[PDB]
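Colleague: Chains as they are written, first to last, in the UniProt record's numbering: chain Y, 2 to 107, 113 to 777; chain P, 2 to 287; chain Z, 23 to 43, 45 to 90, 98 to 110, 116 to 185; chain U, 4 to 27, 34 to 287; chain H, 1 to 26, 29 to 287.
Below is the structure I would like to discuss, written out as structure tokens.
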RNA sequence: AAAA
RNA sequence: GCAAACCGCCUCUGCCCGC
RNA sequence: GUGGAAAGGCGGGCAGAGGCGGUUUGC
Ligand SMILES: *P(=O)(O)OC[C@H]1O[C@@H](n2cnc3c(=O)[nH]c(N)nc32)[C@H](O)[C@@H]1O
Ligand SMILES: [Zn+2]
Ligand SMILES: [Zn+2]
Ligand SMILES: [Zn+2]
């Protein structure tokens, strides 16, 4: 079929680039990809690899000269055996050629992939495994031919055992082409997988648009609106996942974050199948926000207007104006994908669509038509957990305590929360099947457990790129998730009470919520869709894959010495609620939530090139604090760290004067310098103080009482000699020698005194002793 | 236009900032206490035709706050064209998250001018913990409870438009009754109590076809730009069903809203306040 | 050196704790400061860090030697004093009229500073101008424990 | 129905130092204003202490008050904590969570109770609303000016725990308001029925007079209460006041009178003009 | 179960400091008398807390009940659950020894239940706590300030406290170690307030006589202080027992029975004829 | 809500 | 003829249990 | 015709245990 042939032609068009950086054959990599695919058609492969070598030998406009050698070479092969029309095969070659120029707009060296965050730094080649190795950009711009040779051998082995389909090839190509540069140039920051993936996306969107070979020969697909950028966003997530009472356990939350993502995958996989697209047409899908390149046909605009209509009406019946999916699309052209002259047309069409998302979000449920219409229904009640309104009788008893009458969509997520340690993924099947726990707007999802057989046309498999036990007629869709949890004596997820028991000194539950700063400005600097793809996967893969290996105690030669209260355990009592896109929400024992906030930041500082920052809000809570309470404090603390300044952490609650010149949150390098000077002279390790300070909390708490005189009047100088008298009487005059005199340089800079910033170091040490 | 501004100088903490449907339910309960049943039905007819009250908004020392219109977020790139781009992004972010504006910046945001947000909010939301004690054994049972604590010279106010004899016969006797009893929440703990003062507010509004609502709306037709508000209260022990209102600051066009009567199984009919409080606004091309 | 460490407003309380804890180096700059404290006969003219400036340079001088307070504390409780400032100047004269031996010089320097500020307190109100003095008198004893004295 | 609002004003004197905790630099803090940092007496802490003192008062006189107050014949003295069944024959019938409180379960029953008529009832399907409002008591203007002038309004009192054999000391700290402080209270009674308002004002003043010999908040058994009521004025605020606003309400002046003298003597004598307009 | 009310027996009088009294304390303080005494923050004068008096009366009464766990058990049940001693050598909370709670590291007899503390002579008078039950106290001991004639001696200029210098002398080299102790002057006189809350008319003789037993033990022992060095020597000077019945609160009239012992001793009330002083209390019950 |  | 040397605190404990 | 009605942040807890204003010799 020409549908599978145009997509797999553009996906494998750049094949042989990694055999020319290796050097198995003679030069001019278009010759080698013809030979690498001819040999691949010989052993452990079908005969369609023989005809896919036509796509790797007639591109870049170097051998496809004068329209005569393309006819003879295709004539030698049998199109009829494949069943593809002889003319129709030729039509596909031109489409693949055009989509290569629309995806890059761009030698002779084995030069590595450079980082999208620092274009001056480069990645060494690794696999995409997320296990024991962190891809950190370094100044080593050299690649050994043997390393490339090893990659080709692994790639040859996996392409021979892999079915010839777009879904099967895409995880094979992603495993080895993620850290390979596409075009060899200084400061090339586009992955080879992303370029190949975006080329199968555009070539299949051109085929659905109906443009033929002479439309490319005359340049008609270019400078005419034939493409269509789809973009969606879920709105109201904080009020959807975290608006739950004290009847919601940690397992219920961790199932709410898994259920929002299955709503998101149900909409994205509906668009691809109903328009004829593959999974390569998805540019990114990260954080309840996706982007798809499709075709601009009247059949597709009619067909996307039903996916938007049905999914919003499904969300309004289920969740009464708590979660909304705004889907918009903007018609673009071939010249709009790239930078034309000196003007960025891809960042302008993206922000022509981002304004359409903005007005859609202010017309929040306008596609309902019974939205502002009143209808009298008797005997309505509320769920004790999430607090939705249902007619009573639809309420059913909860499995924890059958006295309470919860709504039925919360018992599907208590029962899902017990399966998430046992779960290998999901299967996308029809609404009315056996085994379906939860429904989306278009489908139902059967859990695929450890020992079992998956059922459905699409199988969503989590945290791997290898289709092991999967039927060969089903579609493989990989998805990644940050799924670290502290396991109990059973094989389940620990509770809030079980994590807080493990905390050092005072028993409190630590909650952190942090995200990347000014990320949306960084994505506007991308001028091509193969560059937006690379900047979005690497940013997503940090929070999907590499934030769970920071918790495993790795990467310590990069992280080094962070502010810690105890030594880092082998199994940390950390539960990740969510981590993906540019944000993360993590609960645990308060000693390790404190340490991991400086441990994630130090590794994110080196995962990027030092060019992107974080802001993290920290909170320390009682066990019986409801999670709608625990998520509204730490979100308030994240926004206080963000509005004040970027790249600063909110360590602990503090009292500060109302002059507008004091602020509650610490810069990362500021607090991590205050821990190097104030903590080793008062704190010994693992919950105990130093010598000559044991049982001297009559020094440390009173030092915070002298600090409260500074908070009442910052210009009164009483606090200065009360510290020197308190230090002097106890004989500890050498501990803290700069809190006794006023800093005259801080008065001229209009910055606070050193007694103001000692609060967030002492308080943490006073909670690590039993408080 | 010219409005009567009914200030509420608090004598404690509030439960929530009042809305126009719980202000009309408080007034209709106040009129039934001091006049009778047939004056509430005369009250609803006064509101249905002509004059309607708005929602309650904070003030802090002669600076009367008003909700930000929703007309600015589609325009908010064009409002800030005269700025350096690296500080134009964090000025834009806090201009979109902001909920209230001054009386000076509300009149500029109605005309798509460059405007500024207030820095400090006149109130705070605390969680004060109460407890239940057994009368023999003193066994404690902590629950939590949230309030609105106002500053030294701050408080809340709403606006009135209409004829004067409806104000001076119904609204002005109601707020003197409703000062000693409460507006919402645990008023037996002394929460919703206040002292009342009547003042005069003038608002510059451009003459246009579109208008922002300063109250909850309950629209008869679909509005232009909106934000969904989903509340349903309580009436003499009977739970009200939740209704889809429209938050303050949303844009309608020739839409009067309307009060909806409920049944609820009482001796009388219960009205939910759903009238609009239009002030003219200027829109972009969408 | 000694005048470079004990500068105008607040230079080094931790640097003055190295020299004082050496003999005659502080005995000139602080004697100039005690003369400046004698030039600070007007007590309520220093609302700046000058009270904290002088009391470090007072206590850095008295650290080189050995070195009423509860009467100052009880008259501080009377705020919530002309009859007792006579007795307070009497008990301060009683101490320098008693201390003979190696501690005459520390007590005479302690006599040199307070009685110029105890003359203004005679002809002045009592809520103000004594609160500004009793903040200074606490600050002298506070740093004197810090430098290693008692 | 509505007839008026009897308004009680005066001052709360903390004769011994007062504690009402928050459990959030002193280790146990008294609760304070979020904006100005001043302590206050909650309206719930004063209301629930007046109810608790009066529910024990009515529990002792269940047999003697069967005829003045009906639906005290539906209760037997005691608590429902032993037999874990709500609204049984005992007097403390409702378990809110872990504590047992007398709350009558119906409108027609709580209308004849002495406690739930004055203080309110929950019930199923019924919901009798209370008749009194107990405001938050904030500091007087004389004690706000002492706070501006540098005085301290809360201390930190250190207690200890001592072994009876070895005498090891185990000390803790409690913030408590300085003894002698003045708060400004306010109680608004809602005259719904013109027949029984004399009993409701007298039953309220009885709980005030039990409170002056008991304690408020705090530890109290170690001397953290010792509260004292100093009355100022008793306004009546009739129904004609709320209609027109012309200030001709009834004012009963008790500038220096105790709670025992007020209830003991007076009321008919003080409340003579109040009983005239009913 | 069934907490009632009958009245509030009020014990007023004076606390005579026959010997110097030191109740210690421990912040914007630079030069003062070391080891100070507790003082009212508003009036400046010292006082005796209700915590330091009720805890000192409970401690002297627990040790008296611990001495006789076979002579009080026939009148007080649930004392058969206790063996004389402490729970210190085996660190379990509730075992068969008498002092059965860990405060932080010390051991104090506090009964663990409502039905246990209802029949104990210590915890039905002083109260208890625990996992559930929480039997609350029946006496309330208030903070004792100066009398109004020692308020005025302070106005006249006399000293209400003093400073006593004591020296810990090394036994080998005769080398000193001086320190100053503030102590309220001997002869000073504090006005106290002890209210007993009559909850059961059956046993109120037994709680008043046990409260007067604890007072009689305190006049032989010391209050506060370092009393083995002669710092306590307290003495109770009673002004009036009063009864305050339940009908006092409703009526507001002087219906309270006044026992007159203005010139009697703490061991003279508990002395033979106690029945004669508290006879009119039985006429109102 | 800086794409949760 | 009358004093002058040092010693000016030492060392333990410092929030629990429940909701 | 009020997201309302009902609800004490408190039960129990000594700032306490040991300590001679004292010794030695001269200027
Ligand atoms: P209990 O059996 O815990 O009843 C549950 C009920 O009480 C609250 N609760 C109990 N203990 C605590 C605590 O220490 N802290 C907080 N914040 N809440 C507590 C639960 O929240 C629940 O409402
Ligand atoms: Zn639910
Ligand atoms: Zn009742
Ligand atoms: Zn006992």
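Note that CB positions come from ideal geometry on N, CA and C, so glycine has one too.
Among the residues of its own chain, which have a CB less than 8 Å from the CB of residue 69/H, if the five just before and after it don't count?
Modeller: As a first step, residue 69/H is located in the fifth chain; it is residue number 67 there, counting from the start. 86, listed in sequence order.
Colleague: Any residue with its Cβ nearer than 7 Å to a heavy atom of ligand 3 should be included. What is that list in chain order?
Modeller: Result (chain order): 111/U, 112/U, 113/U, 119/U, 122/U, 124/U, 125/U, 130/U.
Colleague: Chain Y beta carbons: is any one of them nearer than 8 Å to that of residue 169/Z?
Modeller: Position 134 of the third chain holds residue 169/Z. No, its Cβ sits nowhere closer than 8 Å to a Cβ of chain Y.
Colleague: Closer than 7 Å by beta-carbon distance: list the chain H residues that pair up with residue 103/Z, in chain order.
Modeller: Within the third chain, the letter at position 73 stands for residue 103/Z. Per Cβ cutoff of 7 Å: 34.
Colleague: Determine the closest residue to residue 151/Z out of 120/Z, 181/Z, 100/Z, with distance taken between C-alpha atoms.
Modeller: Residue numbering aside, residue 151/Z sits at position 116 when the third chain is read from its first letter. Considering only alpha carbons, the answer is 120/Z.
Colleague: Starting from the N-terminal side, write out each stretch of the alpha helix (DSSP H) that is 4 residues or longer and does not extend beyond the region 22-70 of chain P.
Modeller: Runs found: 38-49.
Colleague: Among residues of its own chain, excluding the 5 on either side of residue 139/Y, which ones have a beta-carbon nearer than 6 Å to its beta-carbon?
Modeller: Here residue 139/Y refers to the residue found at position 133 when the first chain is read from its first residue. Closer than 6 Å at Cβ, skipping near neighbours: 132.
Colleague: Please list the residues of the region 128-143 of chain H that have a C-beta atom closer than 8 Å to any C-beta atom in chain P, keeping them in chain order.
Modeller: For the region 128-143 of chain H, which is checked against every Cβ of chain P, the residues closer than 8 Å are 134, 135, 136, 137, 138.
Colleague: What are the residues of the region 36-47 of chain H that lie near chain Z, defined by any Cβ-Cβ distance shorter than 7 Å?
Modeller: Cβ contacts with chain Z come from 46.
Colleague: Could you check the C-alpha separation between residue 779/Y and residue 280/P for me, to the nearest Å?
Modeller: This structure cannot settle anything about residue 779/Y, because the visible part of chain Y is limited to 2 through 777.
Colleague: I'd like to confirm something about residue 394/Y: is its beta-carbon nearer than 7 Å to some heavy atom of ligand 2, or not?
Modeller: Counting from 1 along the first chain, the entry for residue 394/Y is found at position 388. Result yes, Cβ under 7 Å from ligand 2.
Colleague: For the region 726-747 of chain Y, list every residue whose C-beta sits within 8 Å of some C-beta in chain Z, in sequence order.
Modeller: From the region 726-747 of chain Y, only 726, 727, 728, 730, 731, 733, 734, 735, 739, 743, 744, 746, 747 have a Cβ closer than 8 Å to chain Z.
Colleague: Residue 128/P bridges to which residues according to DSSP?
Modeller: Within the second chain, numbered from 1, the residue matching residue 128/P stands at position 127. DSSP lists 147/P as partners of residue 128/P.
Colleague: CB of residue 143/P to nearest heavy atom of ligand 1: below 7 Å?
Modeller: Translated into positions along the second chain, residue 143/P becomes position 142. Indeed, a heavy atom of ligand 1 lies less than 7 Å from the Cβ.
Colleague: Taking 7 Å as the cut-off, is the beta-carbon of residue 516/Y closer than that to any non-hydrogen atom of ligand 1?
Modeller: The residue you call residue 516/Y lines up with position 510 of the first chain. Checking every heavy atom of ligand 1 against the Cβ of residue 516/Y, none is found closer than 7 Å.
Colleague: Give a yes or no on whether the minimum CB-CB distance between residue 283/P and chain Y is below 8 Å.
Modeller: Along the second chain, one-based indexing puts residue 283/P at 282. Judged by the 8 Å Cβ criterion, residue 283/P is not in contact with chain Y.
Colleague: Would you say the beta carbon of residue 630/Y comes nearer than 7 Å to a heavy atom of ligand 1?
Modeller: Counting from one through the first chain, the residue named residue 630/Y turns up at place 624. Yes, since a heavy atom of ligand 1 falls inside the 7 Å radius drawn around the Cβ of residue 630/Y.
Colleague: How would you label residue 676/Y, buried or exposed, when you count the other beta carbons within 10 angstroms and need 16 or more for buried?
Modeller: Here residue 676/Y refers to the residue found at position 670 when the first chain is read from its first residue. It counts as exposed.
Colleague: Name the one or two DSSP bridge partners that residue 589/Y has.
Modeller: As a working mapping, residue 589/Y is identified with position 583 in the first chain. Answer by DSSP bridge pairing, in chain order: 521/Y, 586/Y.
Colleague: Any residues in the region 683-710 of chain Y with a beta carbon nearer than 9 Å to a beta carbon of chain H? Which ones, in chain order?
Modeller: Hits within the stretch, in order: 704, 708.
Colleague: Hey, could you find the ends of the alpha helix (DSSP H) residue 676/Y is sitting in?
Modeller: Counting from 1 along the first chain, the entry for residue 676/Y is found at position 670. That run of the alpha helix (DSSP H) goes 674-684.
Colleague: Tell me whether residue 431/Y is buried or exposed, calling it buried when 16 or more other Cβ atoms sit within 10 Å of its Cβ.
Modeller: Stepping through the first chain from its first residue, residue 431/Y is reached at position 425. Burial call: buried.
Colleague: So that I know if they touch, is there some Cβ in chain U lying closer than 8 Å to that of residue 714/Y?
Modeller: As a working note, residue 714/Y is residue 708 in the first chain. Residue 714/Y counts as touching chain U.
Colleague: When DSSP labels each residue in this structure, what does residue 173/Z get in the three-state scheme?
Modeller: Stepping through the third chain from its first residue, residue 173/Z is reached at position 138. Helix at residue 173/Z.
Colleague: Show which residues of chain P have a CB atom less than 7 Å away from the CB atom of residue 1/H.
Modeller: The residue labelled residue 1/H in the question sits at position 1 within the fifth chain. Result: 137.
Colleague: Quick one: which chain Z residues come within Cβ less than 7 Å of residue 723/Y?
Modeller: Against the first chain, residue 723/Y aligns to sequence position 717. Under the 7 Å cutoff, chain Z gives 72, 75.
Colleague: So, is the C-beta of residue 79/Z closer than 8 Å to a C-beta in chain H?
Modeller: Along the third chain, one-based indexing puts residue 79/Z at 56. Not one chain H Cβ lies under 8 Å of residue 79/Z.
Colleague: Counting beta carbon pairs with one atom in the region 9-18 of chain U and one in the region 164-179 of chain U, are three or more of them shorter than 8 Å?
Modeller: Too few Cβ pairs lie closer than 8 Å, so no.
Colleague: Does the separation of the CB atoms of residue 136/P and residue 370/Y fall below 8 Å?
Modeller: One-based indexing of the second chain puts residue 136/P at position 135. One-based indexing of the first chain puts residue 370/Y at position 364. Their beta carbons are not under 8 Å apart, which means residue 136/P does not touch residue 370/Y by this criterion.
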